[PDB]
Ligand SMILES: [Ca+2]
């Protein structure tokens, strides 16, 4: 178990080059101590010991030289070596490696073994001091033995004696007249004189080829005797490759059972199917049924049987089916291989059929068989994800990989999109001009990706958008229960036309381009992560607000992420904005490489036009999802981030996450540092709409608003202070000039706001002579160094401005060693008065006086606790009225002719968005505690924090645990609303009348929540989620290619243009059917131009001429891989045609099923070799694999390709299956060379890969460390 009980909550300190550990108590630690799972030791002075042994109790414990952690070592004790484990026990009969990477083996007495030894059946050598010889020869006994580099085990090896290679075996004896290897893995042959042989050699009646170096060449084809010869993969022995290796002659399969097992009918009646095609788990209606295994009786429509009882795609599958069903008690357990004769396999299928009919009679059911078939099917690579090339790079990380659907009118016309499906039309690639680069958008994200490039689908997205912005009017005839603005989810993963469609809709219906008051009545945001999206959005007129990741990113590097090494606060300034960082001169740099922060705040007087934006520190999807899961992983609750977790599992993890977040130590493993300081900056910045995350205010798990966070009071104060004081111009500075700090420099950031009409440091009074400014403005000081101590001389200054000369200021918020104090009003806080120039001066030590109460002492000291790791001071002017409001109302006048919607100014800055949900909330324990019920009772609270818009979670009904194939995502099983089946169901009752809330409550709860926010003068934001939809219940057959997030075919995939069963069709009787397209006709009549205006990506306008009441594949770009297999849709290998039964004039079935004679096997004729598949058809223009694993290609004429004498064996193949195109090497018996070198008629050597294709223009490596190069023309330079 444990040598010492663990301790937590104490910091490590370093004194005089040594680590000390100080307890939670504040006590220095001596002796052996398990601290946070690591066993460590401190001597009597309290210093930590590293790379030395210490004696505690009966244990001799070594501690590591880097970490000081207890680990195994060997100590020379008195005269002798003795091994020790991590717990300090002398080891017996065990290997141990010491500090220097040497290995000993200690015996029963603890004494190391010396000399030659056999251990666990391994021969090893030890030097006279007991050390293990590794990676060298050694003359023990008469003999000479080589010992392996890591194991130290005896192995054959070669060395160069004099000038000639010699071979040494495992026993240390030289090798004479035999094959022997070397450590690398090369085989040589050594003659009677000991000397290695070269070239072509015949020994023991067999011929081997040794190259110039003497290496035995296996799986090597070439013309050695002026006649072809292929050298074996097993032993390298030469075969003439004249003998055919296929073991299956042409045989007829028809017999007495064929007419009985044939299909009753060739159509959808007698065959289970998808769009006419058949699947591996298809059941069919045979003409007759061998009831009970005795008597054949005509079948009744309900007597369905599995196709795999009677037919198989190939012999391998047949043999596997037989072996699998056998193991389940259905007959003699059989070891069948593809090599087993076809007659034998078919006979064995029938004894299994008989047994099947017996267990059907015995059980009076077929469900046991459904489960047996289903299980067997998943076993086969062609019918599972093994042929789907699961990958996790990029967005594939979420669900394991994507399939892009194709326009294929010949095979899958229902699924044809009518030449739509333009992928990756993100803002920067809206016109496809970056399709060949990484600037093509990652169109595929999650689930079923909707084709937003299709005009018809674009119209439907507008219908949905109308439905949300009139939700209340339509669903409750309540014109006060309507959403006011939107958030556009996943901007970079959809067609950017949607932004224009949304923008123009808002223009038409609300005149958002007419005034700031109209625009700001419908606050709308974008989830737009690309670093070039801000500038796009601004070119297109800011119809929705861009995020400002530049500021969120800098919070990450300078405050929020990591215990120690953080970027300086200097980086917030982006001094590069000005030429030569001339803060003195302030000349703007007109021509920089598109870099830096979106809005400069060094001296922002409102004089330069800037891009309007929202900003945040954290989000429901930023710094939440990963930490919450890392916490679960760290405590063994789940293994992987994509792992499925239950709600209970989430709750347990959440308890650790909370413990870490509130940790008094001040260290955070999963959670973010300095959130209060980050909000202090977020909430005082000019030219932004800040957004506040629910999960920084309340705890992210459990019930909605169940418990506030420790940050709540500080952030609540900042929010109320923002209403009272935050207006006017801004400045921002740091006691720093770059990455590195000079002697006095603290790297403390100073951010100031001046008051309503005050735009600069030196401005003394407003132009309009308003006095509002005097009691407004704010001062913020922040640091990222919890070990910050000022020099005695040093002074830190807030330039509150020449509009605030001689004024008294009081603290709103001040940090200290146990927390951050919050001062709710002037009387309770320390005051400090500004000088003649308007500066508040601060020293290492300060003596502040309260306005009436007392004298206060306060040090400018970095602190470390749960609320901060650094410094935070905020100061406000005393004398602020109780109802003082510094905000600017938005003006109804047409201020701008620029065409733009949003404008960054004091009015827009007066808004605050509250993102009011967390993805990790628990499900409501009762209807009364549902989020939207709570929001209604609590609307008041947010009015007083200055929230002007409430961003509600997506209200769409969760797809839940439903999972038709593939990886489920956390959105779905956590019911957060981002994963949904029905876009229009926002919590309606079941059709039987029973309640059916979402995670957030019923549809009435939502309308009440929205109204309540309007009664308190707040807007409601709808989450618009056009990228995807989950768990569609209806199957269709699509043509699919395996693709990465950008829709580019994976480099090494056979999955190209294959038929696949996907879940793409909606129920048709859901709320998408009720409300789909219903509002478009009214909209076209009222606002024609929306439907006549051309969209950029398509050159076309949106098309409301077709309505979408039911989703189906034709409106989709693709899906995450569904784990069904590349050939779950059944196909004949010979002709490559897929089976179908939809229309009687174009039926294709295996011939057995139509009571015709199916012949199968290889048959020679005067012209060449032919092959017939199990379904009875001739192989033409296709690759075919025999029962022994050999591959062949059959040409257009139906003949196996084979090399002729004196002619080039390399052939260029062009097939119906395009992926297989390439240069192949076929032997005289037609076998394809794979994973090996092949000589042409002229002596040039080429290499052919795992699948037989020639490899060109690359270096190729070998298991024995041999390197070769292949030229562009294919030849091997080597
Ligand atoms: Ca997409």
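In my numbering, the protein residues as written are 14 to 1291.
Virtual Cβ for every residue (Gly too), placed ideally from N, Cα, C.
Reduced DSSP category for residue i - H, G, I as helix; E, B as strand; rest coil
| i | result |
| --- | --- |
| residue 727 | helix |
| residue 683 | coil |
| residue 653 | coil |
| residue 1222 | coil |
| residue 441 | helix |
| residue 90 | strand |
| residue 826 | strand |
| residue 1270 | coil |
| residue 171 | strand |
| residue 1245 | strand |
| residue 902 | coil |
| residue 389 | helix |
Beta carbon of residue i nearer than 9 Å to that of residue j
| i | j | result |
| --- | --- | --- |
| residue 581 | residue 751 | yes |
| residue 199 | residue 228 | yes |
| residue 960 | residue 497 | no |
| residue 6 | residue 63 | The requested residue 6 does not occur in the structure, where the chain is confined to residues 14 to 1291. |
| residue 938 | residue 1069 | no |
| residue 443 | residue 509 | yes |
| residue 1149 | residue 1208 | no |
| residue 875 | residue 801 | yes |
| residue 790 | residue 779 | no |
| residue 1226 | residue 1206 | yes |
| residue 1056 | residue 1141 | no |
| residue 964 | residue 1018 | no |
| residue 914 | residue 520 | yes |
| residue 1092 | residue 707 | no |
| residue 828 | residue 834 | yes |
| residue 899 | residue 736 | yes |
Outcome for residue i when other beta-carbon atoms lying within 10 angstroms are tallied against a minimum of 16
| i | result |
| --- | --- |
| residue 1223 | buried |
| residue 858 | exposed |
| residue 396 | buried |
| residue 777 | exposed |
| residue 1272 | exposed |
| residue 727 | buried |
| residue 432 | exposed |
| residue 633 | buried |
| residue 1144 | buried |
| residue 362 | buried |
| residue 949 | buried |
| residue 446 | exposed |
Contact belief for residue i with residue j at Cβ below 8 Å, rounded distance in angstroms
| i | j | result |
| --- | --- | --- |
| residue 454 | residue 437 | 3 Å |
| residue 326 | residue 1187 | 7 Å |
| residue 514 | residue 475 | 6 Å |
| residue 716 | residue 942 | 5 Å |
Checklist entry - Do the segment 792–799 and the segment 878–886 meet, that is, are 3 or more Cβ pairs less than 8 Å apart? => result yes
Checklist entry - When the Cβ atoms of the segment 44–53 are set against those of the segment 692–706, are three or more pairs found closer than 8 Å? => result no
Checklist entry - Counting pairs of Cβ atoms below 8 Å between the segment 926–938 and the segment 630–645, do you hit three or more? => result yes
Checklist entry - With contact counted as at least three CB pairs below 8 Å, one residue from each stretch, are the segment 979–993 and the segment 558–567 in contact? => result no
Checklist entry - Okay, do the segment 463–472 and the segment 1118–1131 touch, 3+ Cβ pairs below 8 Å being the bar? => result yes
Next on the checklist: Measuring CB atoms only, is the segment 205–221 touching the segment 1232–1243, in the sense that at least three cross pairs come out at less than 8 Å?
Outcome noted: no
Next on the checklist: Three Cβ pairs or more, each shorter than 8 Å: is that satisfied between the segment 252–267 and the segment 344–364?
Outcome noted: yes
Item to check | Cβ contact check for the segment 290–309 and the segment 238–250: 3 or more pairs under 8 Å | outcome: no
Checklist entry - Okay, do the segment 360–375 and the segment 1111–1122 touch, 3+ Cβ pairs below 8 Å being the bar? => result no
Checklist entry - Would the segment 799–815 and the segment 912–927 be scored as touching if the rule is three or more Cβ pairs under 8 Å? => result no
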